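Reading through the structure tokens given below for one structure.
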Amino acid sequence: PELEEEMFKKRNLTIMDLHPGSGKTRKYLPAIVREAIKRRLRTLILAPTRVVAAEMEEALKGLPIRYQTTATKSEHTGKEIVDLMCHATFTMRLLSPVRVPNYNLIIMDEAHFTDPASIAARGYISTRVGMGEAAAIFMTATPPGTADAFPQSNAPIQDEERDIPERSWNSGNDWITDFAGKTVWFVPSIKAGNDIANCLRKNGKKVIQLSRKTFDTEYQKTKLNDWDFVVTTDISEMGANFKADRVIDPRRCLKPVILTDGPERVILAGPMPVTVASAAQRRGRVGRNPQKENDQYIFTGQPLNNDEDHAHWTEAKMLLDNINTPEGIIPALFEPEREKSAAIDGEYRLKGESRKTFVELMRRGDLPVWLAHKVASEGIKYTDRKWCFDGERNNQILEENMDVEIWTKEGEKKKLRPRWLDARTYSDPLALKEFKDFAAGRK
Amino acid sequence: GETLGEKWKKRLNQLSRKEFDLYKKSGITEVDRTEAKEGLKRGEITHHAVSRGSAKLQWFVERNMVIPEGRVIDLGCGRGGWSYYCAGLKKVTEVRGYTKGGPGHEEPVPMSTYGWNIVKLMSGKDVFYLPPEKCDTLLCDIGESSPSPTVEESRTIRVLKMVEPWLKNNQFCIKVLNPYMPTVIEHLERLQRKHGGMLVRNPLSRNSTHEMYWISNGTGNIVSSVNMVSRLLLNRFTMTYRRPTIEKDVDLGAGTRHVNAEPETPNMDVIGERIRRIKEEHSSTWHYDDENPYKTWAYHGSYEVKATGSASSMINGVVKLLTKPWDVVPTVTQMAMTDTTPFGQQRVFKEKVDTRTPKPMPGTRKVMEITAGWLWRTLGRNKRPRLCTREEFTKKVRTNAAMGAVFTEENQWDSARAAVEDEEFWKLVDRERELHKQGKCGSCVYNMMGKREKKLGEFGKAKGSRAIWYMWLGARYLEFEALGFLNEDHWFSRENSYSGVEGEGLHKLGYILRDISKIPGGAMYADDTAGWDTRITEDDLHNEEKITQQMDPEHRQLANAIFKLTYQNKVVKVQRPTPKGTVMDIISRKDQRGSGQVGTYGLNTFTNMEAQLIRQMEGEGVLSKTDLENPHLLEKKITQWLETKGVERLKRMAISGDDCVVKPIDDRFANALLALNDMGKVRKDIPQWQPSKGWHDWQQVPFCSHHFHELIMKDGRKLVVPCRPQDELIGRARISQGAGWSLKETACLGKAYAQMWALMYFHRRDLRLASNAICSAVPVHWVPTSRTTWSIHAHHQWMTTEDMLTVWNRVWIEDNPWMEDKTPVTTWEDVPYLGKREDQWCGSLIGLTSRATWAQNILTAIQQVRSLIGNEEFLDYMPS
RNA sequence: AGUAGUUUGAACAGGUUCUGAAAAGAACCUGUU
Ligand SMILES: Nc1ncnc2c1ncn2[C@@H]1O[C@H](CSCC[C@H](N)C(=O)O)[C@@H](O)[C@H]1O
Ligand SMILES: Nc1ccn([C@@H]2O[C@H](COP(=O)(O)OP(=O)(O)O)[C@@H](O)[C@H]2O)c(=O)n1
Ligand SMILES: Nc1ccn([C@@H]2O[C@H](COP(=O)(O)OP(=O)(O)O)[C@@H](O)[C@H]2O)c(=O)n1
Ligand SMILES: [Mn+2]
Ligand SMILES: [Mn+2]
Ligand SMILES: [Mn+2]
Ligand SMILES: [Zn+2]
Ligand SMILES: [Zn+2]
């Protein structure tokens, strides 16, 4: 694992485009961190999700790293120059009024990740690199512009387009249970995963469920060898070392989409094919052992690279245009991300008080970026909740085919009718409960 | 290579008129100008912007990208939108615009918008030959588009070479007409490397231009921003047409502004000796600095010193671990200590102290003279001025009071106690007093520091709030001897002054307000002057001096010496950061209040009493606009009004420094701003000519940072209690002087905050719960000896709930004159609460899910803090 | 649907501790102008 010196000097941004299983997380990252410790560089490491952070912590044994992620433990002393956190944590700290260190070196794993905060962080990092104040390494196997859904692997992979079931199945589907090895099944939601894993445990196969709600207990259990199925959401589609044998990827998901169509709103557009990068990353979780040649990938459709109307480009621009630092940096998008029409076209910078309300709405109210920006750009204060009831009669929230009606904190009974509609505020029952709490003044 | 901007220009040059007219406004932001244009046609000269440039400049100003301040130079001012917008900003004291005019170019248009009196637009000037001047803000909006990119490049380079000499460590906003040509980019990168700033695209600009703006308050990569703008403009060609985002136009107000920047003229027959002594002291490093920033002060020299002050805060661990729901409240977590380093002191000086206020008109001066004479005669009806002695000063001075030594012969005492005990100190005092008796001063110099307090800020720092001035301990004794009778005889107490509240106490102020609410009249007004001590003219300094007419000849000599040599001729030492280090500047000023003098509170109260009396005069029709402009105004009418009803008008007011509560006989007082603004007492947080807001409930009137609620107890007794937003209290309790985190060595400070909450803010549910939790999480045998140290009294529990209840009964029942009944309260359950709606309105988090979780599981947090401290003796304060 | 987390002025008021037989003195803390 030889490292070019040029990646440690300022104004240099290094893209590392190795195929999955090449060793970016376990070979190159420890060497880069060791060389950065030797040269005394303030270093930041950015993991997309918590499973990637766990893999980093496993692969960084014996180095002084000040972990700032909930997934990992904490025994930092005070002499660490290396921090580890997530993309969203870094971006929300950049939007916050607390100063962040001037890192001399930034390593970002899975720099293709399309969370709005990840794109905003990429823009900020590339802007800092362009000013000659830092150097960056972006580690990703499926970079922007990827059309290969079947990248190179350590071992050959058998790709078969069967018909993966969505819910539990009374009978049939013998190909599923007849398998002898370990299988990683990707599901689009925790509820579908619950149903599938119940059906799988009904057949005498013990199953581990991975989600953001069950990660803390279940990931370490997955790090054993007992299990036979891992039913998981896309929290583990990047950087997860499962030592599995088969991957089952229906290649379907829900995406937030902004519709102008008169009054602008956000909808969770129905089950669509995942992008090529997501499919390639999901396939890359298997075939990582050069000693096992029988690894299988079972999919149920073709991916789409049509990633243009999705809300995360607009939300990334909204987050990037409101980054607040002592030096007053105005950042720009990462260059391969400037070819997106919705990202490049946004002028979303807010005036000071509106920016503070925007950050408060995202962090305290747990509103989506689009809705928080829409509310803040009207000059509405955080504690003012009248906009949740001032909407047109078409923006009525229904539950059980009945109007959602709430008791405000000032002792009034009102119909939930927000001025701006975000489908992520009333999609799941938990999201609806949280939004009802917010609209009632309890949040 | 062909840049993206050149491709965009080629594409733009080949649009038909229809598609060009659709493209130029596709998706841009745009202000509505129809009403403003109709008004401007009809000759209306108020509230209207003269062009679209006011909104464009406002976009940068509200994003803090440019902060106009001081003197503003507007090159290519055109009609004057930028200059007229900058006139209304509070930090701007003078606007000068230069436009070429003539045929084919816009000429300046006269307007009477807010601050118009400080605007001078000169036509017929070609800025390419105008010599550079010193300015605090420079706004350049020069450049005209041509279809040829090379012509635009040449014009842009010419503008960039013209504006460069004008820039020296100041604010700027400069239009770069054509920023995509490579030579313009290299020039801009060199200019940014030298001066700073950043290129920013304004969303109000049309799509038919590639113009960007070089701003001072920003950083970033110029090439990337230019590329982003080029891609934006190219993408705008093909996407579907969008109606531009209409936003409402800027309202520019109306009325003049009471600002002035005339330089200071030193006396040098009063202050020459002090400056000569100072120069002789630090002769080794004495120099004269031409980069000094002082505009309205006289500058005499500088010498190198080692910087003092700090800008750091320490986190209080016990309070922070027990107030978790407030970790997400910005008003709580953004509290910090004010910046008192030379940088922060210099910023405070530049904003507040380094300003000037215009002279009042002759009628205003005459009214002030009459009112001050009558008020001084009223205040001394039963009291005579008297000399204070060295015995009282020795009895009163704090042991750790700052010596404030300026000259070497004064720097041989470590504490004030040692100095007042010594016999050489009083010999220094005697020689300076002998100089004073001859009308000369030789050693009365003001040290200047910053106030170190808790304030809302960001990035761990808060803006400096004020400047504190103080002389050497001997000079402080001399001014105590001359003028200390005002404080020691209680001249501004409620009994003697009818409107002062000196010696009252915060918790007892609400009763006073309630007593004011029973006087018939209009609403209740409470206005604060913006930077009160910097608005003190020489006129009201003389009016304060007028007290010397009630003294005996020797006391009069001493008081005249203090008033004329030290209060009206002030020599100050102030720190300044320079690239070579830190220097101390010797500056001079004649008119202001030196907050830190012995007569600060009393003379502030006196001047505010007379200002509010004059405002009541104006509100009652005794003073009109013509009376205030009259060099020969009649004294009989003012004297008649005073002798007839001045005491009754004084009884309608509660005065503490510049805080005032006034309940006039009607509401014309709300609009009586002529005399008030002419005396220089410009109100804060409000346009200079907007009528003031009056409260009809005395329980909402803010006074001394608080308002007051009337609680009713179970036994039917009433109780007026102080209250403020809860975030302020919680945030102030969570930080302290120092740096870093602190848990064990600030637990007793947290307990003291809990005791203060239990005593003054017992009516707030969150505050009582948090105080009980903090007390339960602090070892019961520790007693503080400083802010960080403690002693262990193993035989005694410091303050139990019973001790706190006893203190509460003493303060609110036994020692309360306003409660006729005196039955003590036996349990904390009889101590009342605010109503739940009142509690919620004043910032409580009751009714929130995080607050409910915190209250339910509070014992877990108390035990966590207990284990963090260690194995100590703990007592439970939480009610059963 | 999914994912990530808050990182040494002047005037005054009140309280506390120690000394004192009480007065009174000594020290500290918080707050207001
Ligand atoms: N060489 C030059 N010297 C001085 N003024 C010039 C100039 N070249 C152009 N100008 C003036 O600069 C102006 C540019 S437009 C200024 C708009 C202004 N901000 C507002 O809000 O009204 C034009 O009116 C033109 O008259
Ligand atoms: N405990 C582990 C974890 C991973 N590995 C293997 O090490 C290879 C590279 O691991 P990696 O996490 O760095 O993969 P990439 O991040 O480069 O995609 C993979 O083939 C893993 O299967 C292992 O041998 N033992
Ligand atoms: N800590 C303080 C606060 C106020 N003051 C005096 O009280 C005046 C007004 O007080 P303030 O709190 O309203 O502040 P400003 O109005 O001056 O900005 C000040 O100008 C000072 O003269 C003081 O001497 N020490
Ligand atoms: Mn990896
Ligand atoms: Mn004030
Ligand atoms: Mn005030
Ligand atoms: Zn003197
Ligand atoms: Zn209140």
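The sequence lines fix the lettering, A, B, ..., with proteins before strands; numbering per chain opens at 1. The analysis underlying the following values was restricted to heavy atoms, covering all of them including side chains, and did not include hydrogens, waters or symmetry mates.
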*For B:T323 and B:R734, test the side chains for any donor-to-acceptor distance below 3.5 angstrom and give the result as yes or no.*
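Result is yes, a qualifying pair exists.
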Separation of atom [atom1] in [X] from atom [atom2] in [N], rounded to whole Å:
X	N	atom1	atom2	answer
B:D414	C:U8	CG	P	11 Å
B:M337	C:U30	CE	P	9 Å
A:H310	C:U3	NE2	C1'	16 Å

Hey, does [X] reach any base, or is it just sugar-phosphate, or nothing, if we go heavy atoms under 4.0 Å?
X	answer
B:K324	nothing
A:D83	nothing
B:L749	sugar-phosphate
B:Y753	sugar-phosphate
B:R787	sugar-phosphate
B:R466	nothing
B:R476	sugar-phosphate
B:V783	sugar-phosphate
B:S595	base
B:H793	sugar-phosphate
B:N604	nothing
B:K508	nothing
B:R398	sugar-phosphate
B:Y470	sugar-phosphate

With a 3.5 Å limit on both atom pairs, tell me what [N] is paired to, counting Watson-Crick and G-U wobble, or say none.
N	result
C:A22	none
C:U8	none
C:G2	none
C:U16	C:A27

*Can you find a donor-acceptor N/O pair under 3.5 angstrom joining the side chain of A:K255 to the base of C:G2?*
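Absent.
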*No-H, no-angle donor-acceptor pair, B:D815 side chain to C:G14 base, under 3.5 Å*: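 Donor-acceptor pair under 3.5 Å: no.
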*Are the charged groups of B:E728 and B:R724 less than 4.0 angstrom apart, N to O?*
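Salt bridge present between B:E728 and B:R724.
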*So, B:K684 and B:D528, do they make that salt bridge, N to O below 4.0 Å?*
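Here B:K684 does not pair with B:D528 in a salt bridge, since their nearest N and O are not under 4.0 Å apart.
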Based on the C1'-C2'-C3'-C4' dihedral, does [N] have a north or a south sugar?
N	result
C:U17	north
C:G15	north
C:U6	south

*If you find the nucleotide of RNA chain C closest to B:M799 and the one closest to A:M362, which residue's nucleotide is nearer the 5' end?*
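The residue mapped nearer the 5' terminus is A:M362.
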*asked:* Which is more 5' along RNA chain C, the nucleotide nearest B:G596 or the one nearest B:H507? Just name the residue.
replied: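 This one resolves to B:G596.
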_Parallel, tilted or perpendicular, as decided by the 30° and 60° cut-offs, for the rings of B:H706 and B:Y761_ =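 If you compare the ring of B:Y761 with that of B:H706, the planes turn out parallel.
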*When the ring planes of B:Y477 and B:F480 are compared, do they come out parallel, tilted or perpendicular, using 30° and 60° as the limits?*
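B:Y477 vs B:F480 ring planes: tilted.
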*A:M272 side chain reached by A:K255 side chain, heavy atoms, under 4.5 Å*: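 Sidechains of A:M272 and A:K255: in contact.
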_Reported CZ-to-OG1 distance for the pair B:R476 and B:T566, which is rounded to 0.5 angstrom_ =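 Answer for the CZ-OG1 pair, B:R476 versus B:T566, is 13.0 Å.
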_C:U8 to C:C29 separation - P atoms, rounded to the nearest Å_ =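 To the nearest whole Å, 15 Å.
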_Pairwise P distance, C:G5 and C:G9 [rounded to whole Å]_ =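 Between the two P atoms, the distance is 47 Å.
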*Which nucleotide, C:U3, C:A10, C:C12, lies nearest any side-chain atom of B:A401?*
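Selected nucleotide: C:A10.
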